[PDB]
>>> print(open('model.txt').read())   # compact mmCIF, N, CA and C atoms
# COMPACT_ATOMS: atom_id res chain seq x y z
N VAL A 541 19.29 18.17 14.89
CA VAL A 541 20.37 18.11 13.91
C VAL A 541 21.42 17.07 14.31
N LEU A 542 21.64 16.89 15.62
CA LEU A 542 22.54 15.85 16.09
C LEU A 542 21.98 14.46 15.80
N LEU A 543 20.67 14.27 15.95
CA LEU A 543 20.05 13.01 15.57
C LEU A 543 20.05 12.79 14.07
N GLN A 544 20.10 13.86 13.28
CA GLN A 544 20.23 13.69 11.83
C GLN A 544 21.61 13.16 11.48
N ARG A 545 22.66 13.86 11.93
CA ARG A 545 24.03 13.59 11.50
C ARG A 545 24.61 12.26 12.01
N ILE A 546 23.87 11.46 12.77
CA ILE A 546 24.32 10.16 13.24
C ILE A 546 23.61 9.03 12.50
N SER A 547 22.33 9.20 12.21
CA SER A 547 21.43 8.08 11.99
C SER A 547 21.73 7.35 10.69
N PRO A 548 21.68 6.02 10.69
CA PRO A 548 21.85 5.29 9.43
C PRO A 548 20.69 5.49 8.49
N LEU A 549 19.50 5.73 9.03
CA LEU A 549 18.32 5.93 8.21
C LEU A 549 18.42 7.25 7.46
N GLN A 550 18.31 7.19 6.14
CA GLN A 550 18.11 8.36 5.32
C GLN A 550 16.68 8.37 4.81
N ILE A 551 16.02 9.52 4.90
CA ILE A 551 14.64 9.65 4.47
C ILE A 551 14.65 9.97 2.99
N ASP A 552 14.12 9.06 2.18
CA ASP A 552 14.23 9.13 0.73
C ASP A 552 12.86 8.93 0.11
N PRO A 553 12.14 10.01 -0.20
CA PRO A 553 10.71 9.89 -0.51
C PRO A 553 10.39 9.44 -1.92
N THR A 554 11.37 9.04 -2.72
CA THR A 554 11.04 8.54 -4.05
C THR A 554 10.63 7.08 -4.04
N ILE A 555 10.69 6.41 -2.89
CA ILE A 555 10.17 5.05 -2.74
C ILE A 555 8.67 5.03 -3.00
N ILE A 556 7.97 6.07 -2.55
CA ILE A 556 6.53 6.20 -2.79
C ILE A 556 6.24 6.29 -4.28
N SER A 557 6.96 7.16 -5.00
CA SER A 557 6.77 7.29 -6.43
C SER A 557 7.16 6.03 -7.19
N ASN A 558 8.17 5.30 -6.71
CA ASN A 558 8.55 4.05 -7.35
C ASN A 558 7.51 2.97 -7.16
N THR A 559 6.82 2.95 -6.02
CA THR A 559 5.74 1.98 -5.86
C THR A 559 4.48 2.40 -6.60
N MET A 560 4.25 3.70 -6.77
CA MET A 560 3.06 4.13 -7.50
C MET A 560 3.24 3.92 -9.00
N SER A 561 4.20 4.63 -9.60
CA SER A 561 4.42 4.72 -11.05
C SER A 561 3.13 5.08 -11.79
N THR A 562 2.60 6.26 -11.46
CA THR A 562 1.30 6.66 -12.02
C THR A 562 1.44 7.26 -13.41
N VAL A 563 2.09 8.41 -13.53
CA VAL A 563 2.15 9.08 -14.81
C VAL A 563 3.36 10.01 -14.84
N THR A 570 -10.36 13.35 -15.14
CA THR A 570 -10.64 13.50 -13.72
C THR A 570 -9.40 13.22 -12.89
N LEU A 571 -9.59 13.04 -11.59
CA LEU A 571 -8.51 12.69 -10.68
C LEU A 571 -8.60 11.23 -10.26
N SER A 572 -7.45 10.62 -10.11
CA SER A 572 -7.31 9.26 -9.66
C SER A 572 -6.80 9.24 -8.22
N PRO A 573 -7.21 8.25 -7.42
CA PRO A 573 -6.72 8.19 -6.04
C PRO A 573 -5.25 7.86 -5.92
N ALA A 574 -4.64 7.28 -6.95
CA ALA A 574 -3.20 7.05 -6.91
C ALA A 574 -2.44 8.36 -7.06
N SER A 575 -2.95 9.27 -7.88
CA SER A 575 -2.31 10.56 -8.09
C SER A 575 -2.67 11.58 -7.02
N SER A 576 -3.85 11.45 -6.41
CA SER A 576 -4.25 12.39 -5.37
C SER A 576 -3.38 12.27 -4.12
N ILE A 577 -2.98 11.06 -3.74
CA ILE A 577 -2.10 10.92 -2.59
C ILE A 577 -0.68 11.39 -2.92
N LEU A 578 -0.27 11.34 -4.19
CA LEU A 578 1.03 11.91 -4.54
C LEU A 578 0.99 13.43 -4.46
N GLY A 579 -0.08 14.03 -4.97
CA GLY A 579 -0.25 15.47 -4.84
C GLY A 579 -0.46 15.94 -3.42
N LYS A 580 -0.95 15.07 -2.55
CA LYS A 580 -1.12 15.42 -1.14
C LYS A 580 0.15 15.23 -0.33
N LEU A 581 0.91 14.16 -0.59
CA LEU A 581 2.13 13.92 0.17
C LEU A 581 3.29 14.79 -0.29
N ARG A 582 3.30 15.19 -1.57
CA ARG A 582 4.33 16.02 -2.19
C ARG A 582 5.73 15.44 -1.99
N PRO A 583 6.10 14.36 -2.68
CA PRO A 583 7.41 13.74 -2.43
C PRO A 583 8.60 14.53 -2.94
N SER A 584 8.39 15.65 -3.63
CA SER A 584 9.50 16.50 -4.01
C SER A 584 10.06 17.28 -2.82
N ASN A 585 9.28 17.44 -1.76
CA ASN A 585 9.73 18.20 -0.60
C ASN A 585 10.73 17.38 0.19
N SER A 586 11.93 17.92 0.39
CA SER A 586 12.93 17.30 1.24
C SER A 586 13.12 18.22 2.44
N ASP A 587 12.24 18.07 3.43
CA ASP A 587 12.32 18.81 4.68
C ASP A 587 11.59 17.97 5.71
N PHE A 588 12.35 17.26 6.53
CA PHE A 588 11.78 16.34 7.50
C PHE A 588 12.24 16.70 8.90
N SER A 589 12.22 18.00 9.19
CA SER A 589 12.56 18.47 10.53
C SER A 589 11.49 18.09 11.54
N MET B 982 12.21 -4.28 -18.61
CA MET B 982 11.16 -4.95 -17.84
C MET B 982 11.40 -6.44 -17.65
N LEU B 983 12.62 -6.81 -17.31
CA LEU B 983 12.91 -8.17 -16.88
C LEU B 983 12.83 -8.18 -15.36
N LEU B 984 11.71 -8.68 -14.83
CA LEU B 984 11.36 -8.67 -13.39
C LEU B 984 11.58 -7.32 -12.71
N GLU B 985 11.36 -6.24 -13.44
CA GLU B 985 11.20 -4.94 -12.79
C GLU B 985 9.94 -4.84 -11.93
N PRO B 986 8.77 -5.48 -12.28
CA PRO B 986 7.67 -5.44 -11.31
C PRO B 986 7.82 -6.37 -10.11
N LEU B 987 8.99 -6.96 -9.86
CA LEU B 987 9.19 -7.73 -8.64
C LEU B 987 10.07 -7.04 -7.62
N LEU B 988 10.77 -5.99 -8.00
CA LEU B 988 11.74 -5.36 -7.11
C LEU B 988 11.21 -4.11 -6.44
N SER B 989 9.92 -3.83 -6.56
CA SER B 989 9.31 -2.70 -5.88
C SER B 989 9.05 -2.96 -4.40
N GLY B 990 9.31 -4.17 -3.91
CA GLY B 990 9.10 -4.48 -2.52
C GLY B 990 10.26 -5.24 -1.91
N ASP B 991 9.97 -6.26 -1.12
CA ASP B 991 11.01 -7.07 -0.52
C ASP B 991 11.38 -8.20 -1.48
N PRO B 992 12.64 -8.31 -1.90
CA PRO B 992 13.04 -9.40 -2.79
C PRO B 992 13.46 -10.67 -2.09
N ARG B 993 13.39 -10.74 -0.76
CA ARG B 993 13.79 -11.96 -0.07
C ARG B 993 12.71 -13.03 -0.18
N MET B 994 11.54 -12.76 0.39
CA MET B 994 10.48 -13.77 0.46
C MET B 994 9.46 -13.53 -0.64
N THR B 995 9.88 -13.80 -1.88
CA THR B 995 9.01 -13.57 -3.02
C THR B 995 8.15 -14.79 -3.31
N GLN B 996 6.95 -14.53 -3.82
CA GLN B 996 6.03 -15.58 -4.24
C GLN B 996 5.10 -14.98 -5.28
N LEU B 997 4.55 -15.84 -6.13
CA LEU B 997 3.70 -15.39 -7.23
C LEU B 997 2.41 -16.19 -7.22
N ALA B 998 1.28 -15.49 -7.11
CA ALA B 998 -0.04 -16.11 -7.07
C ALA B 998 -1.07 -15.03 -7.39
N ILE B 999 -2.32 -15.46 -7.49
CA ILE B 999 -3.41 -14.58 -7.88
C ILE B 999 -4.70 -15.18 -7.35
N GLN B 1000 -5.69 -14.32 -7.10
CA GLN B 1000 -6.99 -14.79 -6.66
C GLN B 1000 -8.03 -13.73 -6.98
N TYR B 1001 -9.29 -14.15 -6.98
CA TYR B 1001 -10.40 -13.22 -7.06
C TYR B 1001 -11.50 -13.71 -6.12
N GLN B 1002 -12.38 -12.79 -5.76
CA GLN B 1002 -13.34 -13.01 -4.69
C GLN B 1002 -14.72 -12.57 -5.16
N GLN B 1003 -15.72 -13.40 -4.90
CA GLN B 1003 -17.10 -13.06 -5.21
C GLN B 1003 -17.65 -12.14 -4.11
N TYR B 1004 -18.96 -11.93 -4.09
CA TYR B 1004 -19.51 -11.11 -3.01
C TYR B 1004 -19.51 -11.85 -1.69
N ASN B 1005 -19.80 -13.15 -1.70
CA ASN B 1005 -20.05 -13.88 -0.46
C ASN B 1005 -18.78 -14.46 0.16
N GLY B 1006 -17.64 -13.81 -0.04
CA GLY B 1006 -16.40 -14.22 0.57
C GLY B 1006 -15.70 -15.36 -0.12
N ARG B 1007 -16.27 -15.88 -1.19
CA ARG B 1007 -15.75 -17.07 -1.85
C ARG B 1007 -14.57 -16.69 -2.73
N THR B 1008 -13.38 -17.17 -2.36
CA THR B 1008 -12.14 -16.82 -3.03
C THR B 1008 -11.64 -17.99 -3.85
N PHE B 1009 -11.16 -17.70 -5.05
CA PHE B 1009 -10.65 -18.69 -5.99
C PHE B 1009 -9.21 -18.35 -6.30
N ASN B 1010 -8.27 -19.09 -5.74
CA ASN B 1010 -6.86 -18.80 -5.96
C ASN B 1010 -6.26 -19.68 -7.05
N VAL B 1011 -5.23 -19.16 -7.70
CA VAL B 1011 -4.42 -19.91 -8.65
C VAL B 1011 -2.97 -19.70 -8.25
N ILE B 1012 -2.34 -20.75 -7.75
CA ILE B 1012 -0.91 -20.69 -7.44
C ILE B 1012 -0.19 -21.54 -8.46
N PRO B 1013 0.46 -20.94 -9.46
CA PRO B 1013 1.17 -21.73 -10.45
C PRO B 1013 2.45 -22.29 -9.86
N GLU B 1014 2.79 -23.50 -10.28
CA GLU B 1014 4.01 -24.11 -9.79
C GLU B 1014 5.22 -23.44 -10.42
N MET B 1015 6.33 -23.48 -9.71
CA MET B 1015 7.59 -23.04 -10.27
C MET B 1015 8.20 -24.19 -11.06
N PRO B 1016 8.36 -24.08 -12.36
CA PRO B 1016 9.03 -25.13 -13.12
C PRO B 1016 10.53 -25.03 -12.92
N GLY B 1017 11.25 -25.98 -13.50
CA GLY B 1017 12.68 -26.02 -13.36
C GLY B 1017 13.38 -24.87 -14.06
N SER B 1018 14.62 -24.66 -13.66
CA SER B 1018 15.49 -23.68 -14.28
C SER B 1018 16.81 -24.35 -14.63
N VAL B 1019 17.39 -23.96 -15.76
CA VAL B 1019 18.71 -24.44 -16.14
C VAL B 1019 19.81 -23.46 -15.78
N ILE B 1020 19.52 -22.16 -15.74
CA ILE B 1020 20.51 -21.19 -15.32
C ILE B 1020 20.82 -21.34 -13.84
N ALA B 1021 19.79 -21.48 -13.01
CA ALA B 1021 20.01 -21.71 -11.58
C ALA B 1021 20.65 -23.07 -11.33
N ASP B 1022 20.32 -24.06 -12.16
CA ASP B 1022 20.95 -25.37 -12.06
C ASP B 1022 22.44 -25.29 -12.33
N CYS B 1023 22.83 -24.59 -13.39
CA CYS B 1023 24.24 -24.45 -13.70
C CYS B 1023 24.97 -23.55 -12.72
N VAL B 1024 24.30 -22.55 -12.14
CA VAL B 1024 24.93 -21.73 -11.11
C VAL B 1024 25.20 -22.55 -9.86
N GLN B 1025 24.24 -23.39 -9.46
CA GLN B 1025 24.47 -24.25 -8.30
C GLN B 1025 25.52 -25.32 -8.58
N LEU B 1026 25.61 -25.79 -9.83
CA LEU B 1026 26.66 -26.74 -10.18
C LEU B 1026 28.03 -26.10 -10.13
N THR B 1027 28.16 -24.89 -10.67
CA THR B 1027 29.43 -24.16 -10.60
C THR B 1027 29.79 -23.82 -9.17
N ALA B 1028 28.79 -23.50 -8.35
CA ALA B 1028 29.02 -23.26 -6.93
C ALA B 1028 29.47 -24.53 -6.21
N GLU B 1029 28.98 -25.68 -6.65
CA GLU B 1029 29.44 -26.94 -6.08
C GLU B 1029 30.87 -27.26 -6.50
N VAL B 1030 31.25 -26.93 -7.73
CA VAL B 1030 32.63 -27.18 -8.17
C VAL B 1030 33.59 -26.21 -7.49
N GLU C 737 17.74 5.41 36.57
CA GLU C 737 18.51 4.84 35.48
C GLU C 737 17.71 4.58 34.21
N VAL C 738 16.41 4.82 34.20
CA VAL C 738 15.58 4.41 33.08
C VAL C 738 15.10 5.64 32.31
N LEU C 739 14.73 5.40 31.06
CA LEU C 739 14.31 6.45 30.13
C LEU C 739 12.98 6.04 29.53
N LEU C 740 11.94 6.82 29.79
CA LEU C 740 10.60 6.49 29.32
C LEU C 740 10.50 6.71 27.82
N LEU C 741 9.92 5.73 27.12
CA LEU C 741 9.67 5.80 25.70
C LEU C 741 8.21 5.48 25.43
N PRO C 742 7.59 6.13 24.45
CA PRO C 742 6.22 5.77 24.05
C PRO C 742 6.13 4.61 23.06
N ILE C 743 7.24 3.97 22.71
CA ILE C 743 7.27 2.88 21.75
C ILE C 743 7.97 1.70 22.41
N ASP C 744 7.44 0.49 22.21
CA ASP C 744 8.13 -0.70 22.65
C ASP C 744 9.41 -0.90 21.84
N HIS C 745 10.46 -1.34 22.52
CA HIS C 745 11.76 -1.56 21.89
C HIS C 745 12.15 -3.02 22.01
N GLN C 746 12.98 -3.46 21.07
CA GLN C 746 13.45 -4.83 20.93
C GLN C 746 14.95 -4.78 20.72
N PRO C 747 15.67 -5.90 20.92
CA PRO C 747 17.10 -5.91 20.60
C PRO C 747 17.37 -5.69 19.12
N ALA C 748 18.44 -4.95 18.84
CA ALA C 748 18.72 -4.41 17.52
C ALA C 748 19.47 -5.44 16.68
N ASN C 749 18.77 -6.06 15.74
CA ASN C 749 19.41 -6.85 14.71
C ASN C 749 18.94 -6.37 13.34
N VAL C 750 19.74 -6.67 12.33
CA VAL C 750 19.55 -6.00 11.05
C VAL C 750 18.59 -6.74 10.12
N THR C 751 18.65 -8.07 10.05
CA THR C 751 17.80 -8.77 9.08
C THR C 751 16.40 -9.08 9.62
N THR C 752 15.73 -8.07 10.14
CA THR C 752 14.31 -8.21 10.41
C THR C 752 13.55 -8.31 9.09
N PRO C 753 12.48 -9.09 9.05
CA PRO C 753 11.63 -9.09 7.86
C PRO C 753 10.98 -7.74 7.68
N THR C 754 10.92 -7.30 6.42
CA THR C 754 10.30 -6.02 6.10
C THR C 754 8.81 -6.02 6.41
N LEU C 755 8.16 -7.17 6.28
CA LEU C 755 6.72 -7.30 6.51
C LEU C 755 6.47 -7.93 7.88
N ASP C 756 7.25 -7.52 8.85
CA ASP C 756 7.05 -7.98 10.22
C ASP C 756 5.79 -7.34 10.78
N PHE C 757 4.86 -8.16 11.25
CA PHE C 757 3.64 -7.66 11.88
C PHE C 757 3.66 -7.81 13.39
N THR C 758 4.82 -8.01 14.00
CA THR C 758 4.88 -8.08 15.45
C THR C 758 5.28 -6.76 16.08
N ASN C 759 5.76 -5.78 15.31
CA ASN C 759 5.99 -4.47 15.89
C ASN C 759 4.79 -3.56 15.67
N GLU C 760 4.57 -2.72 16.66
CA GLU C 760 3.35 -1.95 16.81
C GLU C 760 3.15 -0.91 15.72
N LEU C 761 4.23 -0.39 15.14
CA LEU C 761 4.10 0.58 14.05
C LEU C 761 3.63 -0.03 12.74
N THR C 762 4.24 -1.13 12.30
CA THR C 762 3.77 -1.78 11.08
C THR C 762 2.41 -2.41 11.28
N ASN C 763 2.14 -2.93 12.48
CA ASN C 763 0.80 -3.41 12.79
C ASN C 763 -0.22 -2.28 12.74
N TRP C 764 0.16 -1.09 13.20
CA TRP C 764 -0.73 0.06 13.14
C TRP C 764 -1.02 0.48 11.71
N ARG C 765 0.01 0.52 10.85
CA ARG C 765 -0.21 0.87 9.45
C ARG C 765 -1.09 -0.15 8.75
N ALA C 766 -0.88 -1.44 9.04
CA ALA C 766 -1.69 -2.49 8.43
C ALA C 766 -3.14 -2.40 8.86
N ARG C 767 -3.40 -2.12 10.14
CA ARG C 767 -4.79 -2.05 10.59
C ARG C 767 -5.51 -0.81 10.09
N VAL C 768 -4.80 0.32 9.96
CA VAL C 768 -5.43 1.51 9.39
C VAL C 768 -5.78 1.29 7.92
N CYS C 769 -4.88 0.63 7.17
CA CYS C 769 -5.19 0.33 5.77
C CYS C 769 -6.33 -0.68 5.63
N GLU C 770 -6.41 -1.66 6.53
CA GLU C 770 -7.53 -2.61 6.50
C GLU C 770 -8.85 -1.92 6.81
N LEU C 771 -8.86 -0.99 7.77
CA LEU C 771 -10.11 -0.31 8.08
C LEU C 771 -10.53 0.64 6.96
N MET C 772 -9.57 1.23 6.25
CA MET C 772 -9.99 2.07 5.14
C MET C 772 -10.47 1.25 3.95
N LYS C 773 -9.95 0.03 3.77
CA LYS C 773 -10.54 -0.89 2.80
C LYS C 773 -11.97 -1.25 3.17
N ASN C 774 -12.23 -1.52 4.46
CA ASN C 774 -13.59 -1.80 4.90
C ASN C 774 -14.51 -0.59 4.73
N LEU C 775 -13.98 0.61 4.94
CA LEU C 775 -14.75 1.82 4.77
C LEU C 775 -15.06 2.11 3.31
N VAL C 776 -14.22 1.66 2.38
CA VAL C 776 -14.42 1.98 0.97
C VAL C 776 -14.99 0.82 0.17
N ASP C 777 -15.24 -0.34 0.81
CA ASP C 777 -15.58 -1.56 0.08
C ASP C 777 -16.92 -1.46 -0.64
N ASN C 778 -18.01 -1.27 0.08
CA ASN C 778 -19.25 -0.92 -0.60
C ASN C 778 -19.25 0.57 -0.91
N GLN C 779 -20.15 0.98 -1.80
CA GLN C 779 -20.12 2.36 -2.24
C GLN C 779 -20.73 3.31 -1.22
N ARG C 780 -21.56 2.82 -0.29
CA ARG C 780 -22.10 3.72 0.73
C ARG C 780 -20.99 4.21 1.65
N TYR C 781 -21.24 5.39 2.23
CA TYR C 781 -20.36 6.43 2.76
C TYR C 781 -19.74 7.26 1.65
N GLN C 782 -19.83 6.86 0.38
CA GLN C 782 -19.38 7.68 -0.75
C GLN C 782 -20.35 7.58 -1.91
N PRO C 783 -21.51 8.24 -1.83
CA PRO C 783 -22.32 8.42 -3.03
C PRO C 783 -21.98 9.76 -3.68
N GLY C 784 -22.49 9.94 -4.89
CA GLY C 784 -22.05 11.02 -5.72
C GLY C 784 -20.84 10.69 -6.56
N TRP C 785 -20.04 9.71 -6.13
CA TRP C 785 -19.02 9.14 -7.01
C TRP C 785 -19.72 8.43 -8.15
>>> encode(input="model.txt", output="C-alpha cells")
Amino acid sequence: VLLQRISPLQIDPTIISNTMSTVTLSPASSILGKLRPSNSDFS
Amino acid sequence: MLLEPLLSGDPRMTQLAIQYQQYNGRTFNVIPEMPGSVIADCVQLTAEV
Amino acid sequence: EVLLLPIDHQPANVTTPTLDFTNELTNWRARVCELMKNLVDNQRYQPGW
C-alpha cells in the first residue's frame, strides 16, 4: 500500500480495450474475456 | 474519425506505410510520400513571426 | 550497501521511447509475441480450426 500511494504509475486497464475496439468466438474478444479489464484489483 | 486511428499508440515517431508478403518471404512495400501542407506551413510562419 | 534486484536498472529519465527494445521487459514481450506468431503461422499445431 505504501508503494501504491507514492508511485507516478497508475494502472489503467482501458488502454487494452482502446487498442482492441472489438465490439463464434474471435481471438480479439477471447483475450478481453480472459484478461477482464473491468477488474480494478492489482494487489 | 480525424486521425483517431493514429493516437492508439505513440504519437511521437509516427509513420505510414503498408506491405504484403508471399509465401517465400517476398515482401512488397508501399511507402507513400508525405505531400506538402499549408496549415503546417502557416503555423511555422506564424511561429517565425 | 547494495540491494539485489532481479531486473537491470538504468538512470531515470522521462522521455524514453515507448518502443524501446533495449530494456529486457519490452524485449521479452516482443520475443514472446514473435514466437507465438511463429507458432500460429502455418495451420499445423492447430487443426480442427
>>> select_by_dssp(input="model.txt", residues="chain B", states="strand (DSSP E or B)", output="tab-separated table (two decimals) with N, CA and C atoms, in the coordinates of the input")
chain	number	residue	atom	x	y	z
B	999	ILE	N	-2.32	-15.46	-7.49
B	999	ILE	CA	-3.41	-14.58	-7.88
B	999	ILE	C	-4.70	-15.18	-7.35
B	1000	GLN	N	-5.69	-14.32	-7.10
B	1000	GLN	CA	-6.99	-14.79	-6.66
B	1000	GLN	C	-8.03	-13.73	-6.98
B	1001	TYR	N	-9.29	-14.15	-6.98
B	1001	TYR	CA	-10.40	-13.22	-7.06
B	1001	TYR	C	-11.50	-13.71	-6.12
B	1002	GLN	N	-12.38	-12.79	-5.76
B	1002	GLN	CA	-13.34	-13.01	-4.69
B	1002	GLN	C	-14.72	-12.57	-5.16
B	1008	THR	N	-13.38	-17.17	-2.36
B	1008	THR	CA	-12.14	-16.82	-3.03
B	1008	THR	C	-11.64	-17.99	-3.85
B	1009	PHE	N	-11.16	-17.70	-5.05
B	1009	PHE	CA	-10.65	-18.69	-5.99
B	1009	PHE	C	-9.21	-18.35	-6.30
B	1010	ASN	N	-8.27	-19.09	-5.74
B	1010	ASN	CA	-6.86	-18.80	-5.96
B	1010	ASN	C	-6.26	-19.68	-7.05
B	1011	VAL	N	-5.23	-19.16	-7.70
B	1011	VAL	CA	-4.42	-19.91	-8.65
B	1011	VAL	C	-2.97	-19.70	-8.25
>>> atom_distance(input="model.txt", atom1="atom N of residue 761 (chain C)", atom2="CA of residue 743 (chain C)")
8.0 Å
>>> atom_distance(input="model.txt", atom1="atom N of residue 755 (chain C)", atom2="atom N of residue 1020 (chain B)")
29.0 Å
>>> residues_around(input="model.txt", residues="region 582-588 of chain A", least_positions_apart="6", cutoff="8 Å", atoms="only N, CA and C atoms", output="PyMOL selection string")
chain A and resi 551-554+556-557+576
>>> select_by_dssp(input="model.txt", residues="chain B", states="helix (DSSP H, G or I)", output="MDAnalysis selection string")
chainID B and resid 985:987 1020:1029
>>> write_last_selection(input="model.txt", atoms="N, CA and C atoms", output="mmCIF file, in the coordinates of the input")
data_model
loop_
_atom_site.group_PDB
_atom_site.id
_atom_site.type_symbol
_atom_site.label_atom_id
_atom_site.label_comp_id
_atom_site.auth_asym_id
_atom_site.auth_seq_id
_atom_site.Cartn_x
_atom_site.Cartn_y
_atom_site.Cartn_z
ATOM 1 N N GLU B 985 11.360 -6.240 -13.440
ATOM 2 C CA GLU B 985 11.200 -4.940 -12.790
ATOM 3 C C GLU B 985 9.940 -4.840 -11.930
ATOM 4 N N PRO B 986 8.770 -5.480 -12.280
ATOM 5 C CA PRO B 986 7.670 -5.440 -11.310
ATOM 6 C C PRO B 986 7.820 -6.370 -10.110
ATOM 7 N N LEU B 987 8.990 -6.960 -9.860
ATOM 8 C CA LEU B 987 9.190 -7.730 -8.640
ATOM 9 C C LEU B 987 10.070 -7.040 -7.620
ATOM 10 N N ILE B 1020 19.520 -22.160 -15.740
ATOM 11 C CA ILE B 1020 20.510 -21.190 -15.320
ATOM 12 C C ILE B 1020 20.820 -21.340 -13.840
ATOM 13 N N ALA B 1021 19.790 -21.480 -13.010
ATOM 14 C CA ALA B 1021 20.010 -21.710 -11.580
ATOM 15 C C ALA B 1021 20.650 -23.070 -11.330
ATOM 16 N N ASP B 1022 20.320 -24.060 -12.160
ATOM 17 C CA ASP B 1022 20.950 -25.370 -12.060
ATOM 18 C C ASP B 1022 22.440 -25.290 -12.330
ATOM 19 N N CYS B 1023 22.830 -24.590 -13.390
ATOM 20 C CA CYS B 1023 24.240 -24.450 -13.700
ATOM 21 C C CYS B 1023 24.970 -23.550 -12.720
ATOM 22 N N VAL B 1024 24.300 -22.550 -12.140
ATOM 23 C CA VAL B 1024 24.930 -21.730 -11.110
ATOM 24 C C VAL B 1024 25.200 -22.550 -9.860
ATOM 25 N N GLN B 1025 24.240 -23.390 -9.460
ATOM 26 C CA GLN B 1025 24.470 -24.250 -8.300
ATOM 27 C C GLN B 1025 25.520 -25.320 -8.580
ATOM 28 N N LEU B 1026 25.610 -25.790 -9.830
ATOM 29 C CA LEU B 1026 26.660 -26.740 -10.180
ATOM 30 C C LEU B 1026 28.030 -26.100 -10.130
ATOM 31 N N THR B 1027 28.160 -24.890 -10.670
ATOM 32 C CA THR B 1027 29.430 -24.160 -10.600
ATOM 33 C C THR B 1027 29.790 -23.820 -9.170
ATOM 34 N N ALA B 1028 28.790 -23.500 -8.350
ATOM 35 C CA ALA B 1028 29.020 -23.260 -6.930
ATOM 36 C C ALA B 1028 29.470 -24.530 -6.210
ATOM 37 N N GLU B 1029 28.980 -25.680 -6.650
ATOM 38 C CA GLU B 1029 29.440 -26.940 -6.080
ATOM 39 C C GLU B 1029 30.870 -27.260 -6.500
#
>>> residues_around(input="model.txt", residues="region 767-780 of chain C", least_positions_apart="5", cutoff="12 Å", atoms="only C-alpha atoms", output="ChimeraX atom specification")
/B:1004 /C:757,760-762,785
>>> axis_aligned_box(input="model.txt", around="region 986-1005 of chain B", padding_each_side="5 Å", output="lines of an AutoDock Vina configuration file")
center_x = -3.1
center_y = -9.4
center_z = -5.9
size_x = 43.8
size_y = 23.5
size_z = 22.7
>>> closest_residue(input="model.txt", among="C:752, C:764, C:739, C:758", to="chain B", atoms="only C-alpha atoms")
C:752
>>> atom_distance(input="model.txt", atom1="atom C of residue 991 (chain B)", atom2="atom C of residue 1030 (chain B)")
29.2 Å
>>> closest_residue(input="model.txt", among="B:989, B:1002, B:995, B:1010", to="chain A", atoms="all atoms listed in the file")
B:989
>>> interface_residues(input="model.txt", of="chain B", to="chain C", cutoff="10 Å", atoms="only C-alpha atoms", output="PyMOL selection string")
chain B and resi 990-994
>>> decode(input="model.txt", residues="region 982-994 of chain B", atoms="N, CA and C atoms", output="compact mmCIF listing (two decimals), in the first residue's frame")
# COMPACT_ATOMS: atom_id res chain seq x y z
N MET B 982 -13.57 10.76 -36.41
CA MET B 982 -12.51 9.95 -37.01
C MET B 982 -11.51 10.77 -37.83
N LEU B 983 -11.09 11.91 -37.30
CA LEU B 983 -9.98 12.65 -37.87
C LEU B 983 -8.72 12.22 -37.14
N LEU B 984 -7.94 11.33 -37.78
CA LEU B 984 -6.75 10.68 -37.21
C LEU B 984 -6.96 10.10 -35.80
N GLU B 985 -8.17 9.62 -35.54
CA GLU B 985 -8.37 8.75 -34.38
C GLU B 985 -7.64 7.41 -34.50
N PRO B 986 -7.50 6.76 -35.71
CA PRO B 986 -6.66 5.56 -35.73
C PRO B 986 -5.16 5.80 -35.69
N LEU B 987 -4.69 7.00 -35.39
CA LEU B 987 -3.26 7.22 -35.20
C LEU B 987 -2.86 7.43 -33.75
N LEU B 988 -3.81 7.67 -32.86
CA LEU B 988 -3.48 8.00 -31.48
C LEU B 988 -3.61 6.83 -30.53
N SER B 989 -3.80 5.63 -31.05
CA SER B 989 -3.85 4.44 -30.21
C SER B 989 -2.47 3.97 -29.76
N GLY B 990 -1.40 4.60 -30.22
CA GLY B 990 -0.06 4.21 -29.83
C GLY B 990 0.80 5.40 -29.46
N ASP B 991 2.04 5.40 -29.92
CA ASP B 991 2.95 6.51 -29.65
C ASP B 991 2.78 7.56 -30.74
N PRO B 992 2.42 8.80 -30.40
CA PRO B 992 2.28 9.84 -31.43
C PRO B 992 3.56 10.60 -31.74
N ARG B 993 4.69 10.24 -31.14
CA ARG B 993 5.93 10.95 -31.43
C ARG B 993 6.51 10.51 -32.77
N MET B 994 6.89 9.25 -32.88
CA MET B 994 7.58 8.75 -34.07
C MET B 994 6.59 8.04 -34.99
